[PDB]
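Trainee: My file is input-v3.pdb. It has PDB, C-alpha atoms:
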ATOM      1  CA  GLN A   4      43.331  89.744  12.929  1.00  0.00           C
ATOM      2  CA  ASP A   5      44.732  87.977   9.888  1.00  0.00           C
ATOM      3  CA  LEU A   6      47.268  85.611  11.487  1.00  0.00           C
ATOM      4  CA  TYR A   7      44.365  83.939  13.283  1.00  0.00           C
ATOM      5  CA  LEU A   8      42.056  84.217  10.276  1.00  0.00           C
ATOM      6  CA  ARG A   9      44.631  82.578   8.002  1.00  0.00           C
ATOM      7  CA  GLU A  10      45.166  79.666  10.384  1.00  0.00           C
ATOM      8  CA  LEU A  11      41.380  79.542  10.716  1.00  0.00           C
ATOM      9  CA  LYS A  12      41.467  79.419   6.925  1.00  0.00           C
ATOM     10  CA  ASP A  13      44.179  76.768   7.281  1.00  0.00           C
ATOM     11  CA  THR A  14      41.662  74.752   9.309  1.00  0.00           C
ATOM     12  CA  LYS A  15      39.421  75.014   6.219  1.00  0.00           C
ATOM     13  CA  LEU A  16      42.049  73.618   3.816  1.00  0.00           C
ATOM     14  CA  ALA A  17      44.046  70.795   5.419  1.00  0.00           C
ATOM     15  CA  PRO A  18      41.424  69.269   7.777  1.00  0.00           C
ATOM     16  CA  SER A  19      38.430  70.423   5.711  1.00  0.00           C
ATOM     17  CA  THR A  20      38.867  67.373   3.467  1.00  0.00           C
ATOM     18  CA  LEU A  21      39.825  65.217   6.468  1.00  0.00           C
ATOM     19  CA  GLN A  22      36.567  65.161   8.444  1.00  0.00           C
ATOM     20  CA  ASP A  23      34.697  68.344   7.505  1.00  0.00           C
ATOM     21  CA  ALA A  24      34.429  66.965   3.958  1.00  0.00           C
ATOM     22  CA  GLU A  25      35.262  63.589   2.433  1.00  0.00           C
ATOM     23  CA  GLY A  26      37.918  64.576  -0.095  1.00  0.00           C
ATOM     24  CA  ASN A  27      40.286  61.973   1.410  1.00  0.00           C
ATOM     25  CA  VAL A  28      43.557  63.720   2.415  1.00  0.00           C
ATOM     26  CA  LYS A  29      46.329  65.426   0.437  1.00  0.00           C
ATOM     27  CA  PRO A  30      49.342  65.402   2.830  1.00  0.00           C
ATOM     28  CA  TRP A  31      48.944  61.728   3.771  1.00  0.00           C
ATOM     29  CA  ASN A  32      50.058  58.980   1.409  1.00  0.00           C
ATOM     30  CA  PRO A  33      47.884  56.313   3.099  1.00  0.00           C
ATOM     31  CA  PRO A  34      44.174  56.924   2.480  1.00  0.00           C
ATOM     32  CA  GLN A  35      41.691  57.908   5.167  1.00  0.00           C
ATOM     33  CA  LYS A  36      38.580  56.192   3.778  1.00  0.00           C
ATOM     34  CA  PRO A  37      39.374  52.437   3.837  1.00  0.00           C
ATOM     35  CA  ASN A  38      40.330  52.420   7.522  1.00  0.00           C
ATOM     36  CA  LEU A  39      37.524  53.683   9.802  1.00  0.00           C
ATOM     37  CA  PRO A  40      34.195  53.482   7.886  1.00  0.00           C
ATOM     38  CA  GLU A  41      34.720  50.062   6.254  1.00  0.00           C
ATOM     39  CA  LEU A  42      37.509  48.170   8.035  1.00  0.00           C
ATOM     40  CA  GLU A  43      36.947  49.709  11.482  1.00  0.00           C
ATOM     41  CA  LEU A  44      33.163  50.013  11.141  1.00  0.00           C
ATOM     42  CA  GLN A  45      33.230  46.307  11.973  1.00  0.00           C
ATOM     43  CA  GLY A  46      36.087  47.232  14.315  1.00  0.00           C
ATOM     44  CA  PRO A  47      33.879  47.344  17.420  1.00  0.00           C
ATOM     45  CA  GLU A  48      32.641  43.883  16.434  1.00  0.00           C
ATOM     46  CA  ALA A  49      36.201  43.006  15.440  1.00  0.00           C
ATOM     47  CA  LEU A  50      37.022  43.592  19.123  1.00  0.00           C
ATOM     48  CA  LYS A  51      34.029  41.603  20.397  1.00  0.00           C
ATOM     49  CA  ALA A  52      32.569  38.411  18.927  1.00  0.00           C
ATOM     50  CA  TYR A  53      30.442  38.434  15.775  1.00  0.00           C
ATOM     51  CA  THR A  54      27.369  36.435  14.643  1.00  0.00           C
ATOM     52  CA  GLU A  55      26.998  35.031  18.175  1.00  0.00           C
ATOM     53  CA  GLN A  56      26.613  37.956  20.589  1.00  0.00           C
ATOM     54  CA  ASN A  57      26.188  40.949  18.269  1.00  0.00           C
ATOM     55  CA  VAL A  58      23.406  39.009  16.585  1.00  0.00           C
ATOM     56  CA  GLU A  59      22.948  38.101  20.298  1.00  0.00           C
ATOM     57  CA  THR A  60      21.618  34.585  19.435  1.00  0.00           C
ATOM     58  CA  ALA A  61      18.224  34.873  21.080  1.00  0.00           C
ATOM     59  CA  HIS A  62      18.132  31.190  21.975  1.00  0.00           C
ATOM     60  CA  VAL A  63      15.187  29.198  23.278  1.00  0.00           C
ATOM     61  CA  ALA A  64      15.949  28.019  26.800  1.00  0.00           C
ATOM     62  CA  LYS A  65      16.649  24.292  26.937  1.00  0.00           C
ATOM     63  CA  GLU A  66      13.589  22.597  28.409  1.00  0.00           C
ATOM     64  CA  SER A  67      13.974  20.412  31.499  1.00  0.00           C
ATOM     65  CA  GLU A  68      11.366  17.767  32.294  1.00  0.00           C
ATOM     66  CA  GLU A  69      10.019  16.252  35.507  1.00  0.00           C
ATOM     67  CA  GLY A  70      11.078  12.881  36.927  1.00  0.00           C
ATOM     68  CA  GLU A  71      10.010  11.131  33.697  1.00  0.00           C
ATOM     69  CA  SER A  72       6.436  10.856  35.079  1.00  0.00           C
ATOM     70  CA  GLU A  73       7.202   7.325  36.307  1.00  0.00           C
ATOM     71  CA  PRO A  74       6.146   7.244  39.977  1.00  0.00           C
ATOM     72  CA  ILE A  75       5.146   3.617  40.501  1.00  0.00           C
ATOM     73  CA  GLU A  76       8.609   2.075  40.142  1.00  0.00           C
ATOM     74  CA  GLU A  77      10.221   4.656  42.456  1.00  0.00           C
ATOM     75  CA  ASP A  78       7.593   5.856  44.951  1.00  0.00           C
ATOM     76  CA  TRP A  79       7.037   2.321  46.245  1.00  0.00           C
ATOM     77  CA  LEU A  80      10.798   1.720  46.209  1.00  0.00           C
ATOM     78  CA  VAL A  81      11.172   5.013  48.076  1.00  0.00           C
ATOM     79  CA  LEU A  82       8.363   3.782  50.330  1.00  0.00           C
ATOM     80  CA  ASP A  83      10.266   0.514  50.747  1.00  0.00           C
ATOM     81  CA  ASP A  84      13.436   2.528  51.376  1.00  0.00           C
ATOM     82  CA  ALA A  85      11.426   4.728  53.747  1.00  0.00           C
ATOM     83  CA  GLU A  86      10.784   1.542  55.726  1.00  0.00           C
ATOM     84  CA  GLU A  87      14.538   0.901  55.753  1.00  0.00           C
ATOM     85  CA  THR A  88      15.307   4.426  56.967  1.00  0.00           C
ATOM     86  CA  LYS A  89      12.612   4.504  59.656  1.00  0.00           C
ATOM     87  CA  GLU A  90      13.938   1.270  61.127  1.00  0.00           C
ATOM     88  CA  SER A  91      17.276   3.105  61.316  1.00  0.00           C
ATOM     89  CA  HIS A  92      15.590   6.408  62.242  1.00  0.00           C
TER
ATOM     90  CA  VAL B   1      15.637  15.029  42.973  1.00  0.00           C
ATOM     91  CA  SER B   2      12.319  15.413  44.795  1.00  0.00           C
ATOM     92  CA  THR B   3      10.788  15.645  48.263  1.00  0.00           C
ATOM     93  CA  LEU B   4      11.596  12.433  50.128  1.00  0.00           C
ATOM     94  CA  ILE B   5       8.761  10.957  52.161  1.00  0.00           C
ATOM     95  CA  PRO B   6       9.764   9.033  55.314  1.00  0.00           C
ATOM     96  CA  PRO B   7       7.440  10.832  57.792  1.00  0.00           C
ATOM     97  CA  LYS B   8       4.463   8.511  57.463  1.00  0.00           C
ATOM     98  CA  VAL B   9       5.717   4.955  56.954  1.00  0.00           C
ATOM     99  CA  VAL B  10       4.980   3.579  60.435  1.00  0.00           C
ATOM    100  CA  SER B  11       1.845   1.688  59.344  1.00  0.00           C
ATOM    101  CA  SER B  12       4.155  -1.195  58.382  1.00  0.00           C
ATOM    102  CA  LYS B  13       7.079  -0.159  60.621  1.00  0.00           C
ATOM    103  CA  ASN B  14       5.350  -0.824  63.973  1.00  0.00           C
ATOM    104  CA  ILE B  15       5.807  -4.597  63.614  1.00  0.00           C
ATOM    105  CA  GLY B  16       9.574  -5.202  63.735  1.00  0.00           C
ATOM    106  CA  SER B  17      10.573  -3.013  66.671  1.00  0.00           C
ATOM    107  CA  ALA B  18      11.373  -4.687  69.986  1.00  0.00           C
ATOM    108  CA  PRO B  19       8.852  -2.713  72.128  1.00  0.00           C
ATOM    109  CA  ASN B  20       6.039  -3.916  69.853  1.00  0.00           C
ATOM    110  CA  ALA B  21       6.905  -7.492  70.834  1.00  0.00           C
ATOM    111  CA  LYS B  22       6.476  -6.475  74.473  1.00  0.00           C
ATOM    112  CA  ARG B  23       3.452  -4.374  73.483  1.00  0.00           C
ATOM    113  CA  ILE B  24       1.531  -7.350  72.088  1.00  0.00           C
ATOM    114  CA  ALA B  25       2.607  -9.358  75.147  1.00  0.00           C
ATOM    115  CA  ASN B  26       1.471  -7.333  78.164  1.00  0.00           C
ATOM    116  CA  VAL B  27      -1.801  -6.075  76.651  1.00  0.00           C
ATOM    117  CA  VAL B  28      -2.921  -9.706  76.545  1.00  0.00           C
ATOM    118  CA  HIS B  29      -1.577  -9.981  80.111  1.00  0.00           C
ATOM    119  CA  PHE B  30      -3.918  -7.198  81.287  1.00  0.00           C
ATOM    120  CA  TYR B  31      -7.482  -7.507  79.985  1.00  0.00           C
ATOM    121  CA  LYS B  32      -8.596 -10.674  81.790  1.00  0.00           C
ATOM    122  CA  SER B  33      -6.679 -10.062  85.040  1.00  0.00           C
ATOM    123  CA  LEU B  34      -9.106  -9.792  87.946  1.00  0.00           C
ATOM    124  CA  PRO B  35      -9.627  -6.156  89.021  1.00  0.00           C
ATOM    125  CA  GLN B  36      -9.731  -5.838  92.817  1.00  0.00           C
ATOM    126  CA  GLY B  37      -9.183  -9.262  94.347  1.00  0.00           C
ATOM    127  CA  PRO B  38     -12.358 -10.614  92.771  1.00  0.00           C
ATOM    128  CA  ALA B  39     -13.060 -14.357  92.708  1.00  0.00           C
ATOM    129  CA  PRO B  40     -10.731 -15.246  95.608  1.00  0.00           C
ATOM    130  CA  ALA B  41     -13.002 -18.066  96.839  1.00  0.00           C
ATOM    131  CA  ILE B  42     -12.539 -17.325 100.534  1.00  0.00           C
ATOM    132  CA  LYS B  43     -15.447 -19.605 101.542  1.00  0.00           C
ATOM    133  CA  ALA B  44     -13.813 -23.031 101.640  1.00  0.00           C
ATOM    134  CA  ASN B  45     -16.302 -25.870 102.220  1.00  0.00           C
ATOM    135  CA  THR B  46     -14.755 -29.340 101.891  1.00  0.00           C
ATOM    136  CA  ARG B  47     -15.179 -32.020 104.577  1.00  0.00           C
ATOM    137  CA  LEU B  48     -13.441 -30.364 107.549  1.00  0.00           C
ATOM    138  CA  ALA B  49     -14.236 -26.840 106.392  1.00  0.00           C
ATOM    139  CA  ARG B  50     -13.883 -25.502 109.945  1.00  0.00           C
ATOM    140  CA  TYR B  51     -10.246 -26.626 110.049  1.00  0.00           C
ATOM    141  CA  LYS B  52      -9.706 -24.916 106.684  1.00  0.00           C
ATOM    142  CA  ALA B  53     -10.703 -21.583 108.268  1.00  0.00           C
ATOM    143  CA  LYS B  54      -8.813 -21.685 111.598  1.00  0.00           C
ATOM    144  CA  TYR B  55      -5.374 -23.242 111.044  1.00  0.00           C
ATOM    145  CA  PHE B  56      -5.378 -24.951 107.639  1.00  0.00           C
ATOM    146  CA  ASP B  57      -5.857 -21.556 105.962  1.00  0.00           C
ATOM    147  CA  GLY B  58      -2.278 -20.603 106.854  1.00  0.00           C
ATOM    148  CA  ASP B  59      -2.903 -17.348 108.728  1.00  0.00           C
ATOM    149  CA  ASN B  60      -1.600 -18.939 111.932  1.00  0.00           C
ATOM    150  CA  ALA B  61       0.584 -21.734 110.494  1.00  0.00           C
ATOM    151  CA  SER B  62       1.952 -22.764 113.889  1.00  0.00           C
ATOM    152  CA  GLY B  63       2.384 -25.879 116.032  1.00  0.00           C
ATOM    153  CA  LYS B  64      -1.284 -26.107 117.017  1.00  0.00           C
ATOM    154  CA  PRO B  65      -2.186 -28.890 114.506  1.00  0.00           C
ATOM    155  CA  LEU B  66       0.697 -31.045 115.740  1.00  0.00           C
ATOM    156  CA  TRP B  67      -0.433 -30.168 119.264  1.00  0.00           C
ATOM    157  CA  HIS B  68      -3.873 -31.432 118.234  1.00  0.00           C
ATOM    158  CA  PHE B  69      -2.187 -34.528 116.790  1.00  0.00           C
ATOM    159  CA  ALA B  70      -0.298 -35.075 120.054  1.00  0.00           C
ATOM    160  CA  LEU B  71      -3.462 -34.656 122.137  1.00  0.00           C
ATOM    161  CA  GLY B  72      -5.186 -37.263 119.977  1.00  0.00           C
ATOM    162  CA  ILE B  73      -2.495 -39.753 120.980  1.00  0.00           C
ATOM    163  CA  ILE B  74      -2.983 -38.774 124.631  1.00  0.00           C
ATOM    164  CA  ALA B  75      -6.740 -39.364 124.375  1.00  0.00           C
ATOM    165  CA  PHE B  76      -5.957 -42.818 122.905  1.00  0.00           C
ATOM    166  CA  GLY B  77      -4.088 -44.000 125.996  1.00  0.00           C
ATOM    167  CA  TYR B  78      -6.317 -46.996 126.752  1.00  0.00           C
ATOM    168  CA  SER B  79      -6.689 -47.924 123.066  1.00  0.00           C
ATOM    169  CA  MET B  80      -3.158 -48.382 121.672  1.00  0.00           C
ATOM    170  CA  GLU B  81      -0.538 -48.560 124.441  1.00  0.00           C
ATOM    171  CA  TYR B  82      -2.974 -49.774 127.112  1.00  0.00           C
ATOM    172  CA  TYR B  83      -5.101 -52.883 126.454  1.00  0.00           C
ATOM    173  CA  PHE B  84      -2.756 -53.429 123.468  1.00  0.00           C
ATOM    174  CA  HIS B  85       0.910 -53.229 122.492  1.00  0.00           C
TER
END
Show the structure stored in the file as structure tokens.

Mentor:
Amino acid sequence: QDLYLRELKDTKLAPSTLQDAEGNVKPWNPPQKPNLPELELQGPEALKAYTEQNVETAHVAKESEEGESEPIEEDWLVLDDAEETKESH
Amino acid sequence: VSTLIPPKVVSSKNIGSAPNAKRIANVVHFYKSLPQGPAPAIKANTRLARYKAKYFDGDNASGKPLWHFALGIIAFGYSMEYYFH
């Protein structure tokens, strides 16, 4: 009946321009467009960090080297220190 | 920083330890030692060899030699105290 149809029609006048269409909004003085799709579109990345973890910064892992590939000055010293330990061992 | 390696450093460590000092001592004390009483030289032959095998050996080691000495004085009765002072 009509009293539901007219409020169903009312759903096709007041909120039809709200989200069903993009005719901004008549009852509201503040606009609907420059909040969610431009200011709050970056809103999720205005809550998290930008240009570091949304870009995600796929960074090359810092490379770690061996013991400088210099065995002679330490292996014999370790061998000399191994003599010291095994006397105490 | 790496795998330490003191499991195998005794090639130069077996010199300073105290038992090694005794080790190098008694091994020299062993090789030349006679095995089973060898070279005892039980056959003594020097002048009075018979005396060396009866009493001078030391198995008896009693008053027999002084008894022999005393009997020698007895047998010299008419040589020292008789026919002489």

Trainee: Pull out every residue that the PyMOL selection byres ((chain A) within 9 of (chain B)) matches in the shown coordinates and put them as a count of residues only.

Mentor: 12

Trainee: Give, as lines of an AutoDock Vina configuration file, the centre coordinates and the x, y and z edge lengths in Å to one decimal for an axis-aligned box around all listed atoms of segment 29-45 of chain A, padded by 4 Å on each side.

Mentor:
center_x = 41.6
center_y = 55.9
center_z = 6.2
size_x = 24.9
size_y = 27.1
size_z = 19.5

Trainee: Fewer than 4 positions away in the same chain doesn't count, so skip those; otherwise give me all residues within 10 Å of segment 36-53 of chain A, counting all atoms listed in the file, as a PDB file with C-alpha atoms, in the frame of the given file.

Mentor:
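Below is the file that was written, selection-v3.pdb:
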ATOM      1  CA  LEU A  21      39.825  65.217   6.468  1.00  0.00           C
ATOM      2  CA  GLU A  25      35.262  63.589   2.433  1.00  0.00           C
ATOM      3  CA  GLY A  26      37.918  64.576  -0.095  1.00  0.00           C
ATOM      4  CA  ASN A  27      40.286  61.973   1.410  1.00  0.00           C
ATOM      5  CA  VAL A  28      43.557  63.720   2.415  1.00  0.00           C
ATOM      6  CA  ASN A  57      26.188  40.949  18.269  1.00  0.00           C
ATOM      7  CA  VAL A  58      23.406  39.009  16.585  1.00  0.00           C
ATOM      8  CA  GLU A  59      22.948  38.101  20.298  1.00  0.00           C
TER       9      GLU A  59
END

Trainee: Please measure the separation of atom CA of residue 41 of chain B and atom CA of residue 57 of chain B, giving the value in Å to one decimal.

Mentor: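 Distance reported for this atom pair: 12.1 Å.
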
Trainee: Using Å and a single decimal, report how far atom CA of residue 40 of chain B sits from atom CA of residue 68 of chain B.

Mentor: 28.7 Å

Trainee: What is the distance between atom CA of residue 54 of chain B and atom CA of residue 72 of chain B, in Å to one decimal?

Mentor: 18.1 Å

Trainee: Once N, CA and C atoms are restored for segment 23-50 of chain B, what would the output be as a PDB file, keeping the file's coordinate frame?

Mentor:
ATOM      1  N   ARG B  23       4.773  -4.993  73.534  1.00  0.00           N
ATOM      2  CA  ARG B  23       3.452  -4.374  73.483  1.00  0.00           C
ATOM      3  C   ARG B  23       2.361  -5.422  73.305  1.00  0.00           C
ATOM      4  N   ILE B  24       2.525  -6.310  72.322  1.00  0.00           N
ATOM      5  CA  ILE B  24       1.531  -7.350  72.088  1.00  0.00           C
ATOM      6  C   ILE B  24       1.521  -8.381  73.206  1.00  0.00           C
ATOM      7  N   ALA B  25       2.543  -8.386  74.062  1.00  0.00           N
ATOM      8  CA  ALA B  25       2.607  -9.358  75.147  1.00  0.00           C
ATOM      9  C   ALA B  25       1.773  -8.915  76.345  1.00  0.00           C
ATOM     10  N   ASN B  26       2.087  -7.745  76.909  1.00  0.00           N
ATOM     11  CA  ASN B  26       1.471  -7.333  78.164  1.00  0.00           C
ATOM     12  C   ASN B  26       0.019  -6.894  78.014  1.00  0.00           C
ATOM     13  N   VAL B  27      -0.397  -6.439  76.829  1.00  0.00           N
ATOM     14  CA  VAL B  27      -1.801  -6.075  76.651  1.00  0.00           C
ATOM     15  C   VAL B  27      -2.687  -7.306  76.788  1.00  0.00           C
ATOM     16  N   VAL B  28      -2.210  -8.456  76.309  1.00  0.00           N
ATOM     17  CA  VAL B  28      -2.921  -9.706  76.545  1.00  0.00           C
ATOM     18  C   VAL B  28      -2.825 -10.097  78.014  1.00  0.00           C
ATOM     19  N   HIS B  29      -1.749  -9.692  78.692  1.00  0.00           N
ATOM     20  CA  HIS B  29      -1.577  -9.981  80.111  1.00  0.00           C
ATOM     21  C   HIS B  29      -2.471  -9.138  81.012  1.00  0.00           C
ATOM     22  N   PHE B  30      -3.213  -8.176  80.465  1.00  0.00           N
ATOM     23  CA  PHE B  30      -3.918  -7.198  81.287  1.00  0.00           C
ATOM     24  C   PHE B  30      -5.435  -7.338  81.269  1.00  0.00           C
ATOM     25  N   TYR B  31      -6.036  -7.675  80.124  1.00  0.00           N
ATOM     26  CA  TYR B  31      -7.482  -7.507  79.985  1.00  0.00           C
ATOM     27  C   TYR B  31      -8.258  -8.433  80.917  1.00  0.00           C
ATOM     28  N   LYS B  32      -7.834  -9.690  81.034  1.00  0.00           N
ATOM     29  CA  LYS B  32      -8.596 -10.674  81.790  1.00  0.00           C
ATOM     30  C   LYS B  32      -8.217 -10.707  83.267  1.00  0.00           C
ATOM     31  N   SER B  33      -7.109 -10.073  83.647  1.00  0.00           N
ATOM     32  CA  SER B  33      -6.679 -10.062  85.040  1.00  0.00           C
ATOM     33  C   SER B  33      -7.765  -9.484  85.941  1.00  0.00           C
ATOM     34  N   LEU B  34      -8.019 -10.169  87.053  1.00  0.00           N
ATOM     35  CA  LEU B  34      -9.106  -9.792  87.946  1.00  0.00           C
ATOM     36  C   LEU B  34      -8.841  -8.421  88.570  1.00  0.00           C
ATOM     37  N   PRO B  35      -9.863  -7.562  88.658  1.00  0.00           N
ATOM     38  CA  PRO B  35      -9.627  -6.156  89.021  1.00  0.00           C
ATOM     39  C   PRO B  35      -9.151  -5.896  90.446  1.00  0.00           C
ATOM     40  N   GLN B  36      -9.935  -6.300  91.444  1.00  0.00           N
ATOM     41  CA  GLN B  36      -9.731  -5.838  92.817  1.00  0.00           C
ATOM     42  C   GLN B  36      -9.820  -6.997  93.803  1.00  0.00           C
ATOM     43  N   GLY B  37      -9.149  -8.101  93.491  1.00  0.00           N
ATOM     44  CA  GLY B  37      -9.183  -9.262  94.347  1.00  0.00           C
ATOM     45  C   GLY B  37     -10.448 -10.072  94.162  1.00  0.00           C
ATOM     46  N   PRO B  38     -11.130  -9.861  93.039  1.00  0.00           N
ATOM     47  CA  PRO B  38     -12.358 -10.614  92.771  1.00  0.00           C
ATOM     48  C   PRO B  38     -12.075 -12.094  92.553  1.00  0.00           C
ATOM     49  N   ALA B  39     -13.092 -12.905  92.853  1.00  0.00           N
ATOM     50  CA  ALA B  39     -13.060 -14.357  92.708  1.00  0.00           C
ATOM     51  C   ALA B  39     -11.911 -14.959  93.508  1.00  0.00           C
ATOM     52  N   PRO B  40     -11.807 -14.652  94.802  1.00  0.00           N
ATOM     53  CA  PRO B  40     -10.731 -15.246  95.608  1.00  0.00           C
ATOM     54  C   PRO B  40     -11.137 -16.575  96.224  1.00  0.00           C
ATOM     55  N   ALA B  41     -12.445 -16.838  96.270  1.00  0.00           N
ATOM     56  CA  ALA B  41     -13.002 -18.066  96.839  1.00  0.00           C
ATOM     57  C   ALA B  41     -12.547 -18.253  98.289  1.00  0.00           C
ATOM     58  N   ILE B  42     -12.940 -17.295  99.132  1.00  0.00           N
ATOM     59  CA  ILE B  42     -12.539 -17.325 100.534  1.00  0.00           C
ATOM     60  C   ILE B  42     -13.398 -18.277 101.355  1.00  0.00           C
ATOM     61  N   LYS B  43     -14.543 -18.707 100.825  1.00  0.00           N
ATOM     62  CA  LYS B  43     -15.447 -19.605 101.542  1.00  0.00           C
ATOM     63  C   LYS B  43     -15.125 -21.040 101.138  1.00  0.00           C
ATOM     64  N   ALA B  44     -14.218 -21.655 101.895  1.00  0.00           N
ATOM     65  CA  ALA B  44     -13.813 -23.031 101.640  1.00  0.00           C
ATOM     66  C   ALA B  44     -14.740 -23.984 102.386  1.00  0.00           C
ATOM     67  N   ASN B  45     -15.373 -24.896 101.651  1.00  0.00           N
ATOM     68  CA  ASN B  45     -16.302 -25.870 102.220  1.00  0.00           C
ATOM     69  C   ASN B  45     -15.976 -27.242 101.635  1.00  0.00           C
ATOM     70  N   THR B  46     -15.137 -28.002 102.337  1.00  0.00           N
ATOM     71  CA  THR B  46     -14.755 -29.340 101.891  1.00  0.00           C
ATOM     72  C   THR B  46     -14.448 -30.177 103.124  1.00  0.00           C
ATOM     73  N   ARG B  47     -15.313 -31.153 103.410  1.00  0.00           N
ATOM     74  CA  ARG B  47     -15.179 -32.020 104.577  1.00  0.00           C
ATOM     75  C   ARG B  47     -14.993 -31.205 105.851  1.00  0.00           C
ATOM     76  N   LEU B  48     -13.759 -31.145 106.354  1.00  0.00           N
ATOM     77  CA  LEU B  48     -13.441 -30.364 107.549  1.00  0.00           C
ATOM     78  C   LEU B  48     -13.206 -28.907 107.148  1.00  0.00           C
ATOM     79  N   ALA B  49     -14.309 -28.243 106.791  1.00  0.00           N
ATOM     80  CA  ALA B  49     -14.236 -26.840 106.392  1.00  0.00           C
ATOM     81  C   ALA B  49     -13.844 -25.942 107.557  1.00  0.00           C
ATOM     82  N   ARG B  50     -14.246 -26.301 108.779  1.00  0.00           N
ATOM     83  CA  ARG B  50     -13.883 -25.502 109.945  1.00  0.00           C
ATOM     84  C   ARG B  50     -12.373 -25.459 110.133  1.00  0.00           C
TER      85      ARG B  50
END
